[PDB]
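Topology and contacts: notes
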Amino acid sequence: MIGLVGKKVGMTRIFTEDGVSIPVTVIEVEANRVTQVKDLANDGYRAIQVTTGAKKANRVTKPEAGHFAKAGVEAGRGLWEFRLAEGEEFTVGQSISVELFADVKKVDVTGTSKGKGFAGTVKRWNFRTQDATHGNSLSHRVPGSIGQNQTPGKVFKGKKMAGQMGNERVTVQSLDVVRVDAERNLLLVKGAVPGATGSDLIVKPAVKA
Amino acid sequence: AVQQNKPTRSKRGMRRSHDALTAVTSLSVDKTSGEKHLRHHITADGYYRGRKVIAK
Amino acid sequence: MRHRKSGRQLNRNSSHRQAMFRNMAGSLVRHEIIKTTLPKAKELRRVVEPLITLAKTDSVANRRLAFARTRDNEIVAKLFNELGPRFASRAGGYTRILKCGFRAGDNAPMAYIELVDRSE
Amino acid sequence: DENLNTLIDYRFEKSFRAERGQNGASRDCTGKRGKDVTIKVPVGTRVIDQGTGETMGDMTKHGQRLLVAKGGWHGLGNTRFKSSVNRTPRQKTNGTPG
Amino acid sequence: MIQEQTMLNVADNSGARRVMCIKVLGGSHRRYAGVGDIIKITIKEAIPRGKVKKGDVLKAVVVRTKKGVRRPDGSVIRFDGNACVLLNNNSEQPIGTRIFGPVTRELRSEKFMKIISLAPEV
Amino acid sequence: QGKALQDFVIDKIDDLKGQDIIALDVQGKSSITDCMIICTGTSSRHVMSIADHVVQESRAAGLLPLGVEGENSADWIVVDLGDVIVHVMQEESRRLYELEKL
Amino acid sequence: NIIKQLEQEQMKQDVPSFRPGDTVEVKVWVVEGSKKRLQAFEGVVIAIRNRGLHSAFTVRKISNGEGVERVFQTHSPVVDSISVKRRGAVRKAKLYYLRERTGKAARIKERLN
RNA sequence: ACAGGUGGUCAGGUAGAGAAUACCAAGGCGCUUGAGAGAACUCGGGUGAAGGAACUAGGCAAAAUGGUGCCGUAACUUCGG
RNA sequence: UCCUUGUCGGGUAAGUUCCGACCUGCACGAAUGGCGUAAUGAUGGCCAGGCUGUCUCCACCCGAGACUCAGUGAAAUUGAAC
RNA sequence: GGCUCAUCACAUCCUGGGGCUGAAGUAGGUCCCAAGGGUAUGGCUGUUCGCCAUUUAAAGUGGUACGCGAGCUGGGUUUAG
RNA sequence: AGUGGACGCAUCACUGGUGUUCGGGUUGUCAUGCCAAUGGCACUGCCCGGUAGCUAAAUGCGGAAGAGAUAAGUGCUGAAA
């Protein structure tokens, strides 16, 4: 089923009557207005493209302005779509709000996690380092060996080495929703979501049973 | 970490393909004096924004 | 890893940075115009303007706090006397940065950071 | 075992071979001790030995173990026998029979 | 947060005074012991007249950890000194007769109500 | 539900020869349970068997037991009824522990 | 800002103010059996962390020769009533130094005003 | 124009037992490449929840005690320690 | 000292190391000195108390490199290399 | 030999499926298919190996020039005493 | 149907670590003419805390279920015969 695109505000918690702390993540979702609809006849797959938020008029390029003008909607901060679930019909310009998540009870949150820069082996793949003493010289946090001897004579693809951690589009699954309220355009979801405050997030109903 | 062979002319030359300098191509004329200066940089004689700045 | 961190170190320790900015602010006030590199001027606004704001209110307690910085009696005397009244009607932005090309010794970008009017 | 009552599984397999102690190896790699094979018997059994045909133990309490076959003793390699009188240590001692 | 060869205190009148947990239960590469766990300890200091002797290795239940265990409302139960209660080997029944010091309520989920029934403090 | 449950406990505990029954009030001394019932069983299997009866009767009374301890050892067995905790355990070990002073 | 609107709607507005270093009586709800009862708790606060709805304070006692340290959240439904018994007088926001020296030789004084 | 070595003479105040140590007096210097970026990684360090040698060949390195006055100080001994 | 990880006891839960008893002295032995010996030792081995990032398990921070720019400007190696 | 990094094969340690069972149920023994994943910490010795203690469902067997020192360690072998 | 161990992913909302850029206590000394009040140095002079960020020991999630063709095996109809 179709999802939504929102913005990360922060982390808080909601207290229940029995005294249980449920850490929630505040997702701020504007009116997701549909800008394009795709079907088998035109594109071969059923999905509708949606935008969110508003963008300054000067920063809107002319090709983007015409595309938004065709749909009759105003500018948006970004462009996303959600694959249709074979039977749902939507019309260009239809604005979707957070009422669609009032019964999912489980959501999937997708976003670009925080970039940690060019990270080391210890930080990236949770390598635990060597000894810092007992004669060790000039090699403490280094990866160490990178394979076999002459007979392969090469390093295999996908070898765990130094590289950046984060700053990648990653999805966390099966997040329990806590409270939905369209009167403040907020989505309270239990758990921690990828990305920093203010990052654009893609939230969809959970695919896992 | 030492070479084993003599690199050829290309491997040396093709390596410098990305070390070429880039022209600024951002010559700006002051509206008061009319002399060239960089973007957001004061003129050689010391004029900026078209106003009577120190000019020393 | 510097996410949401502010304040450069300029390849110097805390003691050298504090000592430099101690003299950095004093040289600005004494001459009302100061010429240093671009990164140095950026952290200059972080220190010299807070001193000017302390000079807006003339009190014995504030002057001692202003004397605690720049460690110079001339500078604190110059503040609270004309630097206050001149900028009393202005809220922030007590200095401006004008880039002035690059140095011939090390190709560093200098900048003329100076007062708004300099009363000269 | 209190879970079994008969000895049908003893005529079908009559010879129980305890694993021999692993032999010595190079680089002073001492062998592995032979694993203890345990014969599960219903409670209420007597033991009679050919020759000294008497009763050595009575099976009355469940869950208690009896030792009916003492294991052998490991041998010694040349490293255990290295000397300067021979100037060429190459003698070995065989393991005692069980 | 208790690992192997960590010396803990005593929370029963068995006779031991300074016990040291020697192996943590739970599975492969078990990191640390929590607030309610089946821990195995060895006896280093004990009174000569006690029912337990020095050097005997046996099981125990951790009762107090000074880092604290997370309450369901983001709260930890900080203490001063880690302690155990003795246990039998074949059975999980405690050997001690009394329990000394207050005991956290999260031990109920571990079904160790020998300690909870005693120790009227908390 | 204060007085009802112990009377629902005392009647069932006496049906299976629950000897030397004492009704205690630990309100104020302990902040974990409201009251506890102390009783003696003749044999270990007697303690083990009576533990099943109280759990089965409790499960037929709507309330769900909060925990049991009897596992390969019948010297000390207890079950949970929420506010009320009963102690079915051997006489020989009862002298070792406290009585009517907890 | 939009997060701040939710901040006070759940935050409590009847928590008394206590100086770090006071003797406080706190009642805590506990869930067991069928109903909720109150646990009577007394101690001296050694550290206060008052930030938003998650404002916290750390309390400590000496019980049976054992020092027990406790952390609450001021705006949680678990706590029921907080009262100040004896007012202390210390000039440190954090009082983690109570761990080392014994409580008997570290008796606090009256703030006396 | 080198982190090395090279004999003698003069030897301030404060705190200190002092030619050690920390600051300063007269005096001499900032050591002939720098400006930024605040990544992996290396070097010199600071701190650390819980454990306290479980790492290792080995407490290697680190960590720790460290002064004054008083009380008191075992086995052994050549009677001095 | 081939049998020596000899047998037994102590230390640790667990001790091929260590300490003490048994002699089967291959190849101890009396100035190429034998047996003990207080004190001494940047000497070999073992254990205990405190201590700690040595480690479980690493994280953060401070400086010099590493990185970009400007100025100067090396070497081992090299039959030729698509 | 140890630390770090792993890769491949199944002659499979467990997990998974089945046949026989000499398979009452639990617990097993053998064989077949199956490599997707995981497969321990400590005292001793340099330990590879191994003994013992204590865990797990398991602490698998091999190749990889018995892997990996232009990654580390120099404990063993170790020139010169 | 719940709860755990290891592993990976994400986050600082909780409990904490760091946080030499924040405040405070204090020793020796020098300086600002002096008292008072401040600043420098002595590892940040030595310590007590602690915002933001980062981080785990902190807390959220995943190992699926299902579909198609199969190995060993269990089958149905079924001639060669």
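Residues numbered from 1 in each chain as written, not as in the entry; some residues may be left out. Chains lettered and ligands numbered in written order. Part of a larger assembly, values for the part shown. Heavy atoms only, no water.

The deposited coordinates, according to the entry record, derive from cryo-EM at 3.5 Å resolution.

1. What about the overall build of chain A?
Using the following cut-off: In this description a helix means any DSSP run of H or I spanning at least four residues, a strand means any run of E spanning at least two, and both kinds are numbered starting from the N terminus. For this measure, only C-alpha atoms enter the radius of gyration; the expected value for a globule follows 2.2 Å times N^0.38, where N is the number of residues. For the exposure calls, accessible area comes from a 1.4 Å probe over protein chains only, and a residue counts as buried if that area is under 20% of its type's maximum, exposed if over 50%, partly exposed in between. By definition in these notes, contact holds between two residues if any of their heavy atoms fall within 4.5 Å. Only the protein chains shown count as cover for residues, and the accessible areas themselves come from Shrake-Rupley with a 1.4 Å probe. Charged residues are defined here as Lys and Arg on the positive side and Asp and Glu on the negative side; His and the ends of the chain fall outside this count. Think of each charge as sitting on NZ of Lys, CZ of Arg, CG of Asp or CD of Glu.
Broken down by element type, chain A carries 2 helices and 13 strands. Its C-alpha atoms give chain A a radius of gyration of 23 Å, clearly above 17 Å, the size a compact globule of 209 residues would have. Oriented by its inertia axes, the alpha-carbon framework of chain A measures out at about 70 × 50 × 40 Å. In chain A, which comprises 209 residues, the share counted as buried stands at 35%. Restricting the contact set of chain A to residue pairs at least 6 apart, pairs at least 24 apart contribute 69%. Carbon and sulfur atoms form 51% of the exposed surface of chain A, whose accessible area is close to 12600 Å². The positive charge centre, built from 31 side chains, and the negative charge centre, built from 21, are 11 Å apart in chain A.

2. What to know about the packing of helix 1 (residues 14-31) of chain C against helix 2 (residues 38-54) of chain C
All names here are of chain C. The cut-off we apply is this: Axes, fitted as lines to C-alpha atoms, cover a helix only where it is in contact. Angles between the N-to-C directions of the axes lie from 0 to 180 degrees. Throughout this description, any angle smaller than 35 degrees is read as roughly parallel, any larger than 145 degrees as roughly antiparallel, any in the 65 to 115 degree range as roughly perpendicular, and the remainder as oblique. Three classes are used, and their members are as follows: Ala, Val, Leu, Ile, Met, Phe, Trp, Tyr, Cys and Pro are nonpolar, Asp, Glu, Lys and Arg are charged, and the others, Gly among them, are polar.
One can describe the packing of helix 1 onto helix 2 by two numbers: an axis separation of 9 Å at closest approach and a directional angle of 75°. One element, helix 1, and the other, helix 2, form an angle in the roughly perpendicular class. Within the contact between the two elements, helix 1 uses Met20, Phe21, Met24, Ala25 and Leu28 and helix 2 uses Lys40, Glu43, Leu44, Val47, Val48 and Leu51. Grouping the amino acids of the contact of helix 1 with helix 2 by side-chain chemistry returns 9 nonpolar, no polar and 2 charged.

3. Focus on helix 2 of chain C
Residues and elements named next belong to chain C. So the rule is basically this: Here the expected span of a helix is defined as 1.5 Å times the quantity of residues minus one. Note that bend, as reported per residue, equals the angle between axes fitted to the 7 residues terminating at that residue and the 7 residues originating from it.
The end-to-end C-alpha distance of helix 2, which contains 17 residues, comes to 25 Å, matching closely the 24 Å that a straight helix rising 1.5 Å per residue would cover. Taking the largest bend as the criterion, helix 2 deviates by roughly 35°, centred on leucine 44. Buried residues of helix 2: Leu38, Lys40, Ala41, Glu43, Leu44, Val48, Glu49, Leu51, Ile52 and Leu54, and no others.

4. Section: the packing of aromatic side chains
Let me state the cut-off plainly: For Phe, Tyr and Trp, where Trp contributes only its six-membered ring, two rings pair if their centres lie within 6.5 Å, and the inter-plane angle classes them as stacked under 30 degrees, edge-to-face over 60, or tilted in between.
Taken as a whole, this structure holds 5 aromatic pairs over all chains when the rule is applied. Between D:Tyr10 and D:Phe16, the aromatic rings sit 6.5 Å apart at their centres with planes inclined by 85°, giving edge-to-face as the arrangement. We classify D:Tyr10 as partly exposed; its relative accessible area is 22%. Ring geometry for G:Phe57 against G:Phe72: centres 5.6 Å apart, planes inclined by 90°, an arrangement best described as edge-to-face. A residue pair is termed long-range when its members are at least 10 positions apart, and G:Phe57 in strand 3 (residues 56-63) and G:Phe72 in strand 4 (residues 66-73) qualify at 15 residues. Residue G:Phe57 shares its accessibility class with G:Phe72, and that shared class is buried. The structure contains a cluster of three or more aromatic residues connected by ring pairs, namely G:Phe18, G:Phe41, G:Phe57 and G:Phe72.

5. Quick look at the nonpolar core
Filter applied, for reference: What we call a nonpolar core is a set of buried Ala, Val, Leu, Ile, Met, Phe, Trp, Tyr and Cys residues that are connected through their side-chain atoms within 4.5 Å.
Ranked by internal contacts, the top residues of the largest apolar core, which has 25 residues, are A:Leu4, A:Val107, A:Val109 and A:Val203. Going through the elements one at a time, strand 1 (4-15), strand 4 (47-52), strand 5 (78-83), strand 7 (107-112), strand 12 (186-190) and strand 13 (200-205) of chain A are the ones with two or more residues in this core. Counting residues in hydrophobic clusters, the runner-up holds 23 residues, among them C:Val29, C:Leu54, C:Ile75 and C:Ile113.

6. Considerations on the protein's contact with RNA strand J
For clarity, the threshold we go by: Near is defined per residue: the residue qualifies when any heavy atom it owns lies within 4 Å of the molecule or strand. Distance and chemistry together define a polar contact, namely a pair of N or O atoms within 3.5 Å, with one atom able to donate a hydrogen and the other to accept it when in protein, and with adjacent residues in sequence counting only for side-chain atoms on both sides.
Around RNA strand J, the structure places 37 residues, and the nearest of them are A:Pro143, D:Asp9, D:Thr30, E:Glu4 and E:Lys23. Atoms of RNA strand J within 4 Å of the protein: sugar and phosphate make up 61%, bases the balance. One nitrogen or oxygen atom from the side chain of A:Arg128 is found 2.6 Å from a sugar or linking oxygen belonging to RNA strand J. A distance of 2.3 Å separates a sugar or linking oxygen of RNA strand J from a polar atom in the side chain of D:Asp9. Taken together, the residues of the surface near RNA strand J break down into 7 nonpolar, 18 polar and 12 charged.

7. Overview of the environment of A:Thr52
Residues and elements named next belong to chain A. With respect to the helices and strands, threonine 52 occurs in strand 4. A sequence separation of 46 residues divides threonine 52 from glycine 6, and the C-alpha atoms of the two residues are 7.7 Å apart. Engagement of the side chain of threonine 52 in a polar contact is seen with the side chain of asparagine 32, the distance being 2.3 Å.

8. So, empty space enclosed by the protein
Applied cut-off: Both cavities and pockets are sets of points on a 1 Å grid over the protein atoms alone; in a cavity a 1.4 Å probe fits but cannot get out, in a pocket the set is open with protein on both sides within 12 Å along at least five of seven lines, and lining residues sit with an atom within 4 Å of a point. Grid points are joined across faces, edges and corners, and a volume is the space filled by probe spheres set on the points.
Applying the stated criterion across every chain, the model contains 9 cavities of 30 Å³ or more. By volume, the largest cavity is sized at about 270 Å³. In terms of lining, the largest cavity is formed by 17 residues, of which the most central are E:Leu118, F:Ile38, F:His87, F:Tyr97 and F:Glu98. Those elements giving two or more residues to the lining of the largest cavity turn out to be helix 1 (113-117) of chain E together with strand 2 (35-41) and strand 4 (84-90) of chain F.

9. Focus on the pairing of strand 2 (residues 21-28) of chain A
A regular strand carries its side chains on alternate faces of the sheet. All names here are of chain A. What counts, and what does not: Strands are labelled as partners when DSSP assigns at least two bridges between them.
In terms of residue burial, strand 2 counts as a mostly covered element, since 7 of its 8 residues are buried. Note that strand 1 and strand 2 share 8 bridges and pair antiparallel. Bridging across to strand 2, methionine 11 finds its partner in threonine 25. The hairpin formed by strand 1 and strand 2 contains 5 residues between the paired strands, and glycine 19 there has a positive phi angle of roughly 85°. Both strand 2 and strand 12 contribute to a ladder of 5 bridges, which runs antiparallel. Pairing of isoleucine 27 across the sheet is with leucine 187, part of strand 12.

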